[PDB]
Structure formats: C-alpha cells, structure tokens
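Novice: Below you will find the structure I want to go over with you.
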Amino acid sequence: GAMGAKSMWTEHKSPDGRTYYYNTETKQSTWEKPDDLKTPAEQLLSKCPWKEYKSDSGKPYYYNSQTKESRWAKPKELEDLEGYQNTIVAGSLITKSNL
Numbered sequence: 004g005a006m007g008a009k010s011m012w013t014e015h016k017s018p019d020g021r022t023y024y025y026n027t028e029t030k031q032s033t034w035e036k037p038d039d040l041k042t043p044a045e046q047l048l049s050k051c052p053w054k055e056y057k058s059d060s061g062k063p064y065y066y067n068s069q070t071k072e073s074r075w076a077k078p079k080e081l082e083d084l085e086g087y088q089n090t091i092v093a094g095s096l097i098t099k100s101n102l
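Set out below in structure tokens:
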C-alpha cells in the first residue's frame, strides 16, 4: 500500500498455514513479504538487525540478522524502534521535505 497504489499483491495460505504472496498484475509468486506490503516501520525493522516473525502457534520470536541469535524476549534495541513506530502516525515523515 502507498495511499494510491493498490499494491496488487495478494496473501494466500496453504493447508499447513504456510503463506505465499501473488502479484495479480505480473502474476509473479514469491515466498517473501514484498516491500510494498511492509509498513515504513516494518521496512525500518527489516533494515535493523532484529526482525519479528510468527510461529504457527501465533507466538512471535526475534531473530538478529547479524549474529544469527534468536530469542523469545524483546531486545531493547527493538523497543526503541517500537516506540518510534508510534511516532510515524503522529508526525508525517513523508512530508519531512516540507515545512
């Protein structure tokens, strides 16, 4: 989503709960989350070494892309990101180029 584009990506779930994404325009299929369907914060999270993913139980776990470490507890580094995620919808960073 981009407040105009319809993304053109669709989410589908196979019998075992595993998900794949389908682009209705180009008919491309991918097993990874498109950047278009990542919120600015999610894109930010994707660029920081900690990322959140959901287990089939619905329980999240946190993976460090740099050190390959995995923990069930929230790292403070991401907490500072979580605080910033609240800030996005209360500031409009897309108009940071405007006074």
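The sequence shown lines up with residues 4 to 102 when you count with this note's numbering. Idealized CB from N, CA, C, for every residue including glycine.
On the three-state DSSP scale, how would you describe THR13?
Specialist: Taking the first residue of the sequence shown as position 1, residue 13 is located at position 10. Of the three classes helix, strand and coil, the one that applies to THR13 here is strand, per DSSP.
Novice: Given that a residue counts as buried once 16 or more other Cβ atoms are within 10 Å of its Cβ, and exposed if not, what is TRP75?
Specialist: In the sequence shown, the residue the question calls residue 75 occupies position 72. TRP75 comes out exposed.
Novice: Would you be able to state if there are at least three C-beta pairs under 8 Å between the segment 67-74 and the segment 24-40?
Specialist: Judged by Cβ distances under 8 Å, the segment 24-40 makes no contact with the segment 67-74, as fewer than three pairs qualify.
Novice: Quick check on this structure: which residue in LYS57, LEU47, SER60 has the alpha carbon closest to the alpha carbon of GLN88?
Specialist: As a position in the sequence shown, residue 88 is number 85, starting the count at 1. The shortest C-alpha separation from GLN88 is found at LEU47.
Novice: Are the Cβ atoms of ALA44 and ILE97 separated by less than 8 Å?
Specialist: Numbered from 1 along the sequence shown, position 41 holds the residue referred to as residue 44. Numbered from 1 along the sequence shown, position 94 holds the residue referred to as residue 97. No. Outside cutoff.
Novice: What number of angstroms, rounded off, separates the C-alpha of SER32 from the C-alpha of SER100?
Specialist: In the sequence shown, residue 32 corresponds to position 29, counting from 1. In the sequence shown, residue 100 corresponds to position 97, counting from 1. The alpha-carbon atoms of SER32 and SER100 are separated by roughly 35 Å.
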